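Every number in this text was worked out from the coordinates using simple rules, so none of it is lab data. Virtual Cβ from ideal backbone geometry, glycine too; neighbours counted across all protein chains shown.
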Amino acid sequence: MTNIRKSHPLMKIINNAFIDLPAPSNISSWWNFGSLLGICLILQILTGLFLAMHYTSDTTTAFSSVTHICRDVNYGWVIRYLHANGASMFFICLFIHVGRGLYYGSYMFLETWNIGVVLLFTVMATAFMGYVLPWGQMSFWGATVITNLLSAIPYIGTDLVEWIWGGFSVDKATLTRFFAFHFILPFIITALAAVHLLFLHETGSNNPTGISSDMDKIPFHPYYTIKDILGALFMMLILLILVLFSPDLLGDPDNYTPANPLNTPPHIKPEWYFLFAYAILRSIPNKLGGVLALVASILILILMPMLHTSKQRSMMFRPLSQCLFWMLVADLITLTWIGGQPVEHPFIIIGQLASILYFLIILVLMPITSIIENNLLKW
Amino acid sequence: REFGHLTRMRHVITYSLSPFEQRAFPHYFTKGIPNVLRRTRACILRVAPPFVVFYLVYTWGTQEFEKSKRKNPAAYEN
Amino acid sequence: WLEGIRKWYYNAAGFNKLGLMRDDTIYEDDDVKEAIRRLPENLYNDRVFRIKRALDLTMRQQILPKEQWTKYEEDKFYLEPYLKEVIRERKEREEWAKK
Amino acid sequence: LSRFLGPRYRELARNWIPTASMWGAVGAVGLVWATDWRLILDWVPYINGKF
Amino acid sequence: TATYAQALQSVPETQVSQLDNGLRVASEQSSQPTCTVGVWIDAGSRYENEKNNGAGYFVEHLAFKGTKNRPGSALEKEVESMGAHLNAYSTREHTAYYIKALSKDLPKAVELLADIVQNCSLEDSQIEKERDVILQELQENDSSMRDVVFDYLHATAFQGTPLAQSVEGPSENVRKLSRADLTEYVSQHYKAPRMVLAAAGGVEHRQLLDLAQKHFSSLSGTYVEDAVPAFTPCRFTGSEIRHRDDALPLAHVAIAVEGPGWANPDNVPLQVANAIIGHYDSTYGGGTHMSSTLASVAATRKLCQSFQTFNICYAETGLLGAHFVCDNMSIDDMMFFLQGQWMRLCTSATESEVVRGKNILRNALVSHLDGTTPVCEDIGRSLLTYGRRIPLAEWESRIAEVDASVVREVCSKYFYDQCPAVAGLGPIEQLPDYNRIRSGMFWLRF
Amino acid sequence: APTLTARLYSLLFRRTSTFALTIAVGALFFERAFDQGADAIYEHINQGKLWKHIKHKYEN
Ligand code: HEM
Ligand code: HEM
């Protein structure tokens, strides 16, 4: 005889992936967010599939269809606001996850990190296309603002922008396309996640110390399953607090006024997750420069493994790098606020300085600080 | 990377009591609280300072924007 | 002067608190892995136990007693000569590859 | 990156430069053909007959 | 303070003279008190048809077993009593008999060689005994995996041509051979114009020429009833012969592409390229640090017990490739690395490795031509194949001409997008299918 | 004497970069040629029906 868990092929894959995977014993709660990201992906897929059963993508019927979901559909409001706030929970977990990777030097797993960057771009595209689907004033005008950024691209420009729009401007074709792309992309994310886990399993999981943990490994199933379940319960606590107690906390009100192409909303701002890139885009006056800066903000992560000059993987034993990292986090918060606020005298200089600081910290300050630390440790 | 052949370790002895024979929350407050204070003391010096700067910036920016909106009496003077 | 700042960093970095030594915290790249496999068995076992104890301490979010912290002077760079030899040999191979 | 600044690597670059140039020519022709880039194609004889 | 050039210039020069019958007498004179005198005959399996295949091996077997002048024991008794060593080697293209002996015994050695070549008894009883012996040795050679694999390589690559035939020949021919056939083989293929008498060591060319005139003059180049054998160019067919015997411990694979003939000037650059590819055996001390990328990888991964590159050349065609013995599960990786090295030499060869290969070839040439046996073998084979003994200085000049560009050009001509011939023996299931091996012969990048 | 196919192999087909150059240029010219020829074939098969044939009678 043999153990079915080991022997059976699908059961073997599941066992190696999740049940008996060798896991570092010291991985902290920061490591729980990846499973929280998977839970968010599953919850978003289910909730959006139940929303899609009641959502029509025609410009005539989209807003009325979301109102039908909220009012007439049984428990439809729960589903709709679960989806809306789950997007925010997803982005919060993604940011904390990438922050953990940066702080603990998890980017040394090159393939996993690059697949994660691809995943981040995919998720952002999914969220942006989804926000347009309710077809509110904010959805329409944010789509118009963001998609018009592609026009800056030299030469191809307007051709690409109109190809995406399906016409001269954002309209019924854009909404239907975005519903289709929004539906399809999360599944592509669900496959990229599997590739991510395969690459990670090749190299294991990094520890908070940053020192190999082959000496101290604990089976995943007894300990980390329960830890992830506790993390999921806490995430449900926060998400359901948003869904029920404060359903409309993270969303702009002006998305409840049906979209009017002839009137701009009082303020046009992206969702909270995208605001940090919006501030960087606004900081640079030239349109193409702004678009390139917005791209580089995410793409600078790819260069992180190359820019690692320290001899220690983690920042746990690197205090100055810790100070720089928390400077970067505060700078990202500042960029979020600047993206929220209008483009006026006080905020403009703040945003320009913040973007300069973000790029400078990632590209210059951190590697030189790591070199200085190496010198201090007699390296 | 199966469990059997992960690494080479020699002459390490580990004793681990079972969950049922041991308390789940041993000295959760008596020892937990002093440990948390130690951890906060070390972390606060590095984590906090950068966020304090943001609060100064947020307060200054909010005040400055309000000052800009307020009327300048000299402009309507004369 | 410089030794004071170097001592400050040694205390600021917590590998002493966990009982580790500086070479224990090095990122295990290929040169470091070759150096580790080149270590004498006594040093290798000492390193493995130190890292295991550090991992266990971090797991429970605890630190070693103050008296048992590593000392800046007492810290010994066991891996530096082997790693230097490994790096030198890699450099020689690269130099032959260049021309 | 200093590893690749030597005479042998220069020789390898010399050996592969013609093939890389041919691959670039393939890419350029493929792009023009796939996108029907009239700016280039209009000069191409007997293809300018289109449009 | 002699230099390699000066030492090459100071090498004793081979002197070639021809008897009226057509025998060519060549000599290299040294101060050594020992000499090697041998007759190299342009006869081999490639000159044999299906019915008489293996006849040359039979004649070589019974060549030293007696002559009309001296019975079977007498010849051995003379050769041993004077302390000489008598040996023969038969190849698909050449047959040789050489005697190692003291310089003072040169006349008796020449007499014995003449008696062996011309007045060979070919007695029937000795014929039967040698038939028994030859069958037993055919059974023995089956054990030698390398010889079996190379015979398979010749069979598949030169299928339908005389070169495919083995030197020993089929067992059926061995049992069916008769004294008439052996006599006919000697008459047709052993001729003065097709023979070279070569000497090395303490041999005076005048003395050798006089002795050859005394003893070898009778031999004639006329063919009875104007029956003259005609040389036939041999087609090279890309093919795969796989004898799968999983019982065998290790797998032998030999892969080759058609190569230059003996006289083709491209032989030198191909030899330099093969030196670049190198040779490896598990006993080799160098292991991982060995310059050859294939050798280093095989040592690091223990891919193969042994791998060697061969440049087998015949008059109009040749087999250029490698032979590697490897585990059942490492054949595919070894093939990948070998073909990768071939394509890398073809496309992106570099000057430093070219210099290393040129020095390796120079040292191999100089070392091989050491001692009376190797020097005499070189003289005879060069006269038969090149029509002349290429001096070491000429070899050095041709090697110096070789550059990375020349190596790339020749390796592209012979190795790139050319259908290979593959022979496999043993646990060869992992050996790639012929389509995959052929695909390995070209790079999509290039 | 090299044949036409042997000349093609040596000049273009041997090195895959020239092989792809042949493929792409032939693709461009074959698109042109085949589209022209098949359009002519269909127009001949339906001569006098297609609007293009009869557009003149009603334009201007
Ligand atoms: C996988 C990650 C996903 C993310 C990050 C995401 C994000 C979003 C966001 C931000 C919205 C707009 C929220 C609002 O109503 O104001 C939305 C709407 C929507 N999403 Fe999701 N979504 C995801 C997956 C899916 C999937 C797989 C489906 C499959 C049908 C789906 C279906 C929908 C539908 C129908 C709407 C419009 C209904 C409504 O406005 O309430 N979503 N999505
Ligand atoms: C839907 C998107 C994503 C999912 C579902 C996901 C899932 C996971 C999971 C389950 C792990 C196992 C470790 C852990 O749980 O923390 C992990 C690890 C990791 N992920 Fe992804 N992730 C996503 C996006 C990203 C992104 C955006 C990045 C970087 C830009 C990234 C980089 C990494 C890295 C570096 C690790 C190594 C963790 C370690 O060192 O143990 N991932 N991810």
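Using the structure shown, decide if A:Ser205 is surrounded by 17 or more Cβ atoms within 10 Å (Cβ to Cβ), within 16 Å of ligand 2 (Cβ to nearest atom), free of Cβ contacts under 8 Å to residues at least 60 places away in the same chain and over 28 Å from A:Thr264 (Cβ atoms).
Details: surrounded by 17 or more Cβ atoms within 10 Å (Cβ to Cβ): yes; within 16 Å of ligand 2 (Cβ to nearest atom): yes; free of Cβ contacts under 8 Å to residues at least 60 places away in the same chain: no; over 28 Å from A:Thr264 (Cβ atoms): yes.
So A:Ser205 fails the test.
Cβ contacts < 7 Å: first residue more than 9 Å from chain B (Cβ to nearest Cβ), restricted to region A:332-349; second residue surrounded by 15 or more Cβ atoms within 10 Å (Cβ to Cβ) and among the charged types (D, E, K, R), any location; separation 6+ or different chain. Result?
Short answer, once both residue conditions are applied: A:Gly339/A:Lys269; A:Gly340/A:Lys269; A:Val343/A:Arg282.
Sort out for me the helices (runs of 4 or more DSSP H) sitting completely within region A:204-321 that have 2 or more residues that are closer than 23 Å to A:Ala87 by Cβ and within 14 Å of chain B (Cβ to nearest Cβ). If you could, list the steps in order and put the result at the bottom.
Details: elements: A:220-240, A:275-283, A:287-299.
Because the criterion is at least 2 residues that are closer than 23 Å to A:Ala87 by Cβ and within 14 Å of chain B (Cβ to nearest Cβ), the helices (runs of 4 or more DSSP H) in region A:204-321 that meet it are A:275-283.
In region B:2-30, how many are surrounded by 10 or more Cβ atoms within 10 Å (Cβ to Cβ) and either touching a residue at least 12 places away in the same chain (Cβ under 8 Å) or under 30 Å from the mean Cα position of the chain (by Cα) (or both)?
2
Does C:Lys33 satisfy the criteria of being under 13 Å from the mean Cα position of the chain (by Cα) and surrounded by fewer than 16 Cβ atoms within 10 Å (Cβ to Cβ)?
Details: under 13 Å from the mean Cα position of the chain (by Cα): yes; surrounded by fewer than 16 Cβ atoms within 10 Å (Cβ to Cβ): yes.
Taking the combined requirement at face value, the residue satisfies it.
For region E:279-305, enumerate the residues that are assigned to a helix (DSSP H, G or I) and free of Cβ contacts under 8 Å to residues at least 40 places away in the same chain. Explain how you work it out, then say what you get.
Of all residues in region E:279-305, those assigned to a helix (DSSP H, G or I) come to E:287-289, E:293-301.
Listed by number, the residues that qualify are E:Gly287, E:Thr288, E:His289, E:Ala295, E:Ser296, E:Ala298, E:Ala299, E:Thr300, E:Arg301.
Restricting attention to region A:24-40, report how many residues are part of a helix (DSSP H, G or I) and buried (at least 19 other Cβ atoms within 10 Å of the Cβ). Explain how you work it out, then say what you get.
Let us first name the residues in region A:24-40 that are part of a helix (DSSP H, G or I), namely A:29-40.
In the following step, the residues that additionally are buried (at least 19 other Cβ atoms within 10 Å of the Cβ) were identified as A:31-37, A:39-40.
Total satisfying the criteria: 9.
Would you tally the residues in region A:23-62 being away from ligand 2 (no atom under 12 Å from the Cβ) and over 22 Å from the mean Cα position of the chain (by Cα)?
13
Select the helices (runs of 4 or more DSSP H) contained entirely in chain F, then report the ones holding at least 3 residues which are within 14 Å of another protein chain (Cβ to nearest Cβ). So that I can check it myself, show each step before the final result.
Working: elements: F:4-8, F:16-45, F:51-58.
It comes to F:16-45.
Report the residue count in region E:127-176 for those that are crowded, with 20+ Cβ neighbours inside 10 Å and among the basic types (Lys, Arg).
0
Checking the conditions here, which among A:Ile284, A:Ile238, A:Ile280, A:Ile268 is closer than 29 Å to A:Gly99 by Cα and out of contact with any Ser or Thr (no Cβ under 9 Å at 6 or more places or on another chain)?
Numbers: A:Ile284 fails: out of contact with any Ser or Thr (no Cβ under 9 Å at 6 or more places or on another chain); A:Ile280 fails: out of contact with any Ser or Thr (no Cβ under 9 Å at 6 or more places or on another chain); A:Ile268 fails: out of contact with any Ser or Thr (no Cβ under 9 Å at 6 or more places or on another chain).
Every option except A:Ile238 fails the conditions.
Scan (1) of a type outside the set (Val, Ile, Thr); (2) away from ligand 1 (no atom under 16 Å from the Cβ); (3) touching a residue at least 60 places away in the same chain (Cβ under 8 Å) for the single condition A:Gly38 breaks and write down its number.
Evaluating A:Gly38 over (1) of a type outside the set (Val, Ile, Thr); (2) away from ligand 1 (no atom under 16 Å from the Cβ); (3) touching a residue at least 60 places away in the same chain (Cβ under 8 Å) leaves (2) as the failure.
Picking from A:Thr2, A:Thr59, which residue would you name as being without any contact (Cβ under 8 Å) to a residue 12 or more places away in the chain, more than 10 Å from ligand 1 (Cβ to nearest atom) and not aromatic (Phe, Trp, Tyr)? Lay out the reasoning, then the answer.
Values: A:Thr59 fails: without any contact (Cβ under 8 Å) to a residue 12 or more places away in the chain.
Exactly one residue qualifies, and that residue is A:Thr2.
Restricting to region E:365-412, name every residue that is touching a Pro at 6+ places or on another chain (Cβ under 6 Å), buried (at least 21 other Cβ atoms within 10 Å of the Cβ) and in a helix (DSSP H, G or I). If you could, list the steps in order and put the result at the bottom.
Step one: filter region E:365-412 for residues touching a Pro at 6+ places or on another chain (Cβ under 6 Å), giving E:368, E:402, E:406-407, E:410.
Narrowing the set further to residues that are buried (at least 21 other Cβ atoms within 10 Å of the Cβ) leaves E:402, E:407, E:410.
Selection gives E:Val407, E:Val410.
Conditions first: (1) touching a residue at least 40 places away in the same chain (Cβ under 8 Å); (2) near ligand 1 (Cβ under 10 Å from one of its atoms); (3) of a type outside the set (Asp, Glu). A:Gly76 passes all but one, so which condition is the exception?
(1)
Going by the structure shown, is A:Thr126 away from chain C (no Cβ under 14 Å), more than 8 Å from ligand 1 (Cβ to nearest atom) and of a type in the set (S, T, N, Q)? Steps first, please.
On the way: away from chain C (no Cβ under 14 Å): yes; more than 8 Å from ligand 1 (Cβ to nearest atom): no; of a type in the set (S, T, N, Q): yes.
No; evaluated as a whole, the condition is false for this residue.
What number of residues in region A:82-92 are in contact with a helix residue (DSSP H, G or I) (Cβ under 6 Å, 6 or more places away or on another chain) and either more than 8 Å from ligand 1 (Cβ to nearest atom) or within 14 Å of another protein chain (Cβ to nearest Cβ) (or both)? First the steps, then the outcome.
Pass one, region A:82-92, residues in contact with a helix residue (DSSP H, G or I) (Cβ under 6 Å, 6 or more places away or on another chain): A:82-83, A:85-87, A:89-91.
Those left that are additionally either more than 8 Å from ligand 1 (Cβ to nearest atom) or within 14 Å of another protein chain (Cβ to nearest Cβ) (or both): A:82, A:85, A:89.
Matching residues across region A:82-92 total 3.
Does C:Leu20 qualify as being surrounded by fewer than 17 Cβ atoms within 10 Å (Cβ to Cβ), among the aliphatic types (A, V, I, L, M) and under 14 Å from the mean Cα position of the chain (by Cα)? Break it down stepwise before answering.
Working: surrounded by fewer than 17 Cβ atoms within 10 Å (Cβ to Cβ): no; among the aliphatic types (A, V, I, L, M): yes; under 14 Å from the mean Cα position of the chain (by Cα): yes.
No.
So B:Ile13 passes all but one of these: (1) more than 9 Å from chain A (Cβ to nearest Cβ); (2) in a helix (DSSP H, G or I); (3) among the aliphatic types (A, V, I, L, M). Which condition number does it fail?
Here B:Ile13 meets the rest and fails (2).
Residues in region C:65-79: is at least one free of Cβ contacts under 8 Å to residues at least 12 places away in the same chain and within 11 Å of chain A (Cβ to nearest Cβ)?
So far as region C:65-79 goes, no, none of its residues is free of Cβ contacts under 8 Å to residues at least 12 places away in the same chain and within 11 Å of chain A (Cβ to nearest Cβ).
When both residues are 6+ apart or on different chains and their Cβ atoms are under 6 Å apart, which pairs have a first residue that lies in region D:15-42 and is more than 9 Å from chain F (Cβ to nearest Cβ), and a second that is part of a helix (DSSP H, G or I) and surrounded by 13 or more Cβ atoms within 10 Å (Cβ to Cβ)?
D:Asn15/E:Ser348; D:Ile40/D:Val32
Which of the residues belonging to region E:158-188 are within 23 Å of the chain's Cα centre (by Cα) and assigned to a loop (DSSP other than H, G, I, E, B)?
Correct list: E:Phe158, E:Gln159, E:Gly160, E:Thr161, E:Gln165, E:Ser166, E:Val167, E:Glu168, E:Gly169, E:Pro170.
Just for helices (runs of 4 or more DSSP H) wholly inside region A:96-197: which have at least 2 residues that are at negative phi and within 11 Å of ligand 2 (Cβ to nearest atom)? Working first, answer last.
Values: elements: A:110-132, A:137-148, A:157-165.
Hits in region A:96-197: A:110-132.
Does A:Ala152 satisfy being more than 11 Å from ligand 1 (Cβ to nearest atom), under 27 Å from A:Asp254 (Cβ atoms), in contact with a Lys or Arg (Cβ under 7 Å, 6 or more places away or on another chain) and more than 14 Å from chain C (Cβ to nearest Cβ)?
Values: more than 11 Å from ligand 1 (Cβ to nearest atom): yes; under 27 Å from A:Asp254 (Cβ atoms): yes; in contact with a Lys or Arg (Cβ under 7 Å, 6 or more places away or on another chain): yes; more than 14 Å from chain C (Cβ to nearest Cβ): yes.
Spelling it out, A:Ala152 is indeed more than 11 Å from ligand 1 (Cβ to nearest atom), under 27 Å from A:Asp254 (Cβ atoms), in contact with a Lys or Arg (Cβ under 7 Å, 6 or more places away or on another chain) and more than 14 Å from chain C (Cβ to nearest Cβ).
Among (1) crowded, with 17+ Cβ neighbours inside 10 Å; (2) assigned to a loop (DSSP other than H, G, I, E, B); (3) free of Cβ contacts under 8 Å to residues at least 12 places away in the same chain, where does A:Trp326 come up short?
(2)
Quick one: A:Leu21 ticks every box in (1) within 16 Å of ligand 1 (Cβ to nearest atom); (2) surrounded by 13 or more Cβ atoms within 10 Å (Cβ to Cβ) except a single one, so which number is it?
(1)
Of all residues in region C:27-75, which are closer than 21 Å to B:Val36 by Cβ and among the acidic types (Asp, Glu)?
Hit for region C:27-75 is C:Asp56, nothing else.
So the check is Cβ under 7 Å with 6+ separation or different chains; which pairs have a first residue in region A:115-128 that's of a type outside the set (S, T, N, Q) and a second one that's part of a helix (DSSP H, G or I) and near ligand 2 (Cβ under 6 Å from one of its atoms)?
Listed pairs, sorted by first residue: A:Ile115/A:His196; A:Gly116/A:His196; A:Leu119/A:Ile189; A:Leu119/A:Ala193; A:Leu119/A:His196; A:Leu120/A:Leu94; A:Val123/A:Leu94; A:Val123/A:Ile189.
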